Number of protein chains: 2
Amino acid sequence: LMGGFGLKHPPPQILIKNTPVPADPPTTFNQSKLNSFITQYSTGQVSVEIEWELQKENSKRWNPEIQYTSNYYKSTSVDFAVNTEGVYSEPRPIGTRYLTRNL
Amino acid sequence: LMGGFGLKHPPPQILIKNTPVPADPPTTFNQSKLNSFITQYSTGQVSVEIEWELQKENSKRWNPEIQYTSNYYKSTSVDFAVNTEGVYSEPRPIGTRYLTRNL
């Protein structure tokens, strides 16, 4: 209902955690689980490649259609670009329904 | 200077005329060329197929470009369509320079 593709077997969930690394344990055995750990965090890169199948438009319409276009008028800052502080922002929500087709 | 492709050997000129068909000549020889003709005109269809080579756009730009689009607002009559009397009209002159590229 929120849009998208309903899948019975969607991309699985990739779960990840940092393996615990205990701090120096007592020098005498204590049955209690170790609660002291070395503080750490991990970083790194992640890539995600998706192949999409398209269905090209074969419109035999005569007059021009409605395309999504960045309005030609001059602005302070380009749309879908970083401002003067390096903060990227998407100004409006873009849908897909632009091209028309008969019913 | 008016735009287009300058060609040294452009598509040739296809010339066409109706061959003359003289009206009934005198029954006695007159050296003068016949000036009386049967009034006629010809009609028919003509096709012209042209193959154009394209150069697809490979823009690696991030934000959206400026596309030519039929304005979404409601009008009395569709643009580039026939009016209520069957008269086709092109409302504005459309150029090609829409997509941008670096210098």
# chains A, B, ... in the order shown; residues from 1 in each chain; ligands from 1
>>> closest_atom_pairs(of="chain B", to="chain A", cutoff="7 Å", atoms="only C-alpha atoms", output="JSON lines")
{"residue": "B:63", "atom": "CA", "partner": "A:80", "partner_atom": "CA", "distance": 5.3}
{"residue": "B:64", "atom": "CA", "partner": "A:70", "partner_atom": "CA", "distance": 5.9}
{"residue": "B:65", "atom": "CA", "partner": "A:70", "partner_atom": "CA", "distance": 5.8}
{"residue": "B:66", "atom": "CA", "partner": "A:69", "partner_atom": "CA", "distance": 4.9}
{"residue": "B:67", "atom": "CA", "partner": "A:69", "partner_atom": "CA", "distance": 5.0}
{"residue": "B:68", "atom": "CA", "partner": "A:67", "partner_atom": "CA", "distance": 6.9}
{"residue": "B:69", "atom": "CA", "partner": "A:66", "partner_atom": "CA", "distance": 4.9}
{"residue": "B:70", "atom": "CA", "partner": "A:66", "partner_atom": "CA", "distance": 5.2}
{"residue": "B:71", "atom": "CA", "partner": "A:66", "partner_atom": "CA", "distance": 6.9}
{"residue": "B:72", "atom": "CA", "partner": "A:66", "partner_atom": "CA", "distance": 6.7}
{"residue": "B:79", "atom": "CA", "partner": "A:63", "partner_atom": "CA", "distance": 6.7}
{"residue": "B:80", "atom": "CA", "partner": "A:63", "partner_atom": "CA", "distance": 5.3}
{"residue": "B:81", "atom": "CA", "partner": "A:63", "partner_atom": "CA", "distance": 6.5}
>>> write_last_selection(atoms="N, CA, C and O atoms", output="mmCIF file, in the first residue's frame")
data_model
loop_
_atom_site.group_PDB
_atom_site.id
_atom_site.type_symbol
_atom_site.label_atom_id
_atom_site.label_comp_id
_atom_site.auth_asym_id
_atom_site.auth_seq_id
_atom_site.Cartn_x
_atom_site.Cartn_y
_atom_site.Cartn_z
ATOM 1 N N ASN B 63 22.126 16.390 -10.942
ATOM 2 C CA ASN B 63 20.759 16.890 -10.873
ATOM 3 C C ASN B 63 20.070 16.779 -12.228
ATOM 4 O O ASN B 63 20.726 16.654 -13.255
ATOM 5 N N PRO B 64 18.732 16.827 -12.249
ATOM 6 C CA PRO B 64 17.934 16.725 -13.468
ATOM 7 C C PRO B 64 18.199 17.797 -14.528
ATOM 8 O O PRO B 64 18.546 18.928 -14.209
ATOM 9 N N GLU B 65 18.006 17.436 -15.795
ATOM 10 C CA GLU B 65 18.209 18.374 -16.888
ATOM 11 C C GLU B 65 16.927 19.080 -17.293
ATOM 12 O O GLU B 65 15.882 18.912 -16.667
ATOM 13 N N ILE B 66 17.025 19.881 -18.349
ATOM 14 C CA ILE B 66 15.903 20.645 -18.865
ATOM 15 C C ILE B 66 15.331 19.951 -20.084
ATOM 16 O O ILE B 66 15.923 19.978 -21.159
ATOM 17 N N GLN B 67 14.175 19.326 -19.915
ATOM 18 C CA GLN B 67 13.531 18.615 -21.004
ATOM 19 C C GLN B 67 12.463 19.489 -21.645
ATOM 20 O O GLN B 67 11.995 20.443 -21.033
ATOM 21 N N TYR B 68 12.087 19.182 -22.881
ATOM 22 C CA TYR B 68 11.017 19.929 -23.522
ATOM 23 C C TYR B 68 9.769 19.208 -23.055
ATOM 24 O O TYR B 68 9.679 17.993 -23.185
ATOM 25 N N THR B 69 8.807 19.943 -22.518
ATOM 26 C CA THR B 69 7.587 19.332 -22.033
ATOM 27 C C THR B 69 6.376 20.172 -22.371
ATOM 28 O O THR B 69 6.465 21.397 -22.453
ATOM 29 N N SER B 70 5.248 19.510 -22.600
ATOM 30 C CA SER B 70 4.002 20.214 -22.860
ATOM 31 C C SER B 70 3.559 20.644 -21.469
ATOM 32 O O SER B 70 3.420 19.805 -20.582
ATOM 33 N N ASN B 71 3.329 21.932 -21.262
ATOM 34 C CA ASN B 71 2.932 22.395 -19.936
ATOM 35 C C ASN B 71 1.658 21.667 -19.466
ATOM 36 O O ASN B 71 0.665 21.573 -20.199
ATOM 37 N N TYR B 72 1.712 21.153 -18.236
ATOM 38 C CA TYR B 72 0.617 20.390 -17.614
ATOM 39 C C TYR B 72 -0.727 21.131 -17.413
ATOM 40 O O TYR B 72 -1.776 20.487 -17.268
ATOM 41 N N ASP B 79 -1.993 21.401 -27.691
ATOM 42 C CA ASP B 79 -0.981 22.024 -28.550
ATOM 43 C C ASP B 79 -0.544 21.021 -29.609
ATOM 44 O O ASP B 79 -0.452 19.832 -29.331
ATOM 45 N N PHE B 80 -0.269 21.497 -30.817
ATOM 46 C CA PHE B 80 0.137 20.611 -31.897
ATOM 47 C C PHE B 80 -0.965 19.605 -32.180
ATOM 48 O O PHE B 80 -0.722 18.404 -32.298
ATOM 49 N N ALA B 81 -2.186 20.114 -32.297
ATOM 50 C CA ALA B 81 -3.353 19.296 -32.580
ATOM 51 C C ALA B 81 -4.294 20.159 -33.388
ATOM 52 O O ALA B 81 -4.112 21.373 -33.472
#
>>> residues_around(residues="residue 16 (chain B)", least_positions_apart="6", cutoff="12 Å", atoms="only C-alpha atoms", output="count of residues only")
3
>>> residues_around(residues="residue 35 (chain B)", least_positions_apart="5", cutoff="12 Å", atoms="only C-alpha atoms", output="NGL selection string")
:B and (20-26 or 30)
>>> write_last_selection(atoms="C-alpha atoms", output="PDB file, in the first residue's frame")
ATOM      1  CA  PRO B  20       1.073  18.346 -72.638  1.00  0.00           C
ATOM      2  CA  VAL B  21      -1.917  16.868 -74.437  1.00  0.00           C
ATOM      3  CA  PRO B  22      -2.932  18.951 -77.486  1.00  0.00           C
ATOM      4  CA  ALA B  23      -6.549  19.696 -78.355  1.00  0.00           C
ATOM      5  CA  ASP B  24      -7.782  18.790 -81.852  1.00  0.00           C
ATOM      6  CA  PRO B  25      -5.352  20.274 -84.441  1.00  0.00           C
ATOM      7  CA  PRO B  26      -6.477  21.919 -87.721  1.00  0.00           C
ATOM      8  CA  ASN B  30       0.087  24.927 -90.006  1.00  0.00           C
TER       9      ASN B  30
END
>>> closest_residue(among="A:36, A:19, A:102, A:45", to="residue 60 (chain A)", atoms="only C-alpha atoms")
A:102
>>> closest_residue(among="B:34, B:29, B:11, B:6", to="residue 50 (chain B)", atoms="only C-alpha atoms")
B:11
>>> atom_distance(atom1="CA of residue 5 (chain B)", atom2="CA of residue 94 (chain B)")
17.6 Å
>>> residues_around(residues="residue 59 (chain B)", least_positions_apart="2", cutoff="9 Å", atoms="only C-alpha atoms", output="count of residues only")
6
>>> atom_distance(atom1="CA of residue 1 (chain B)", atom2="CA of residue 95 (chain B)")
15.2 Å
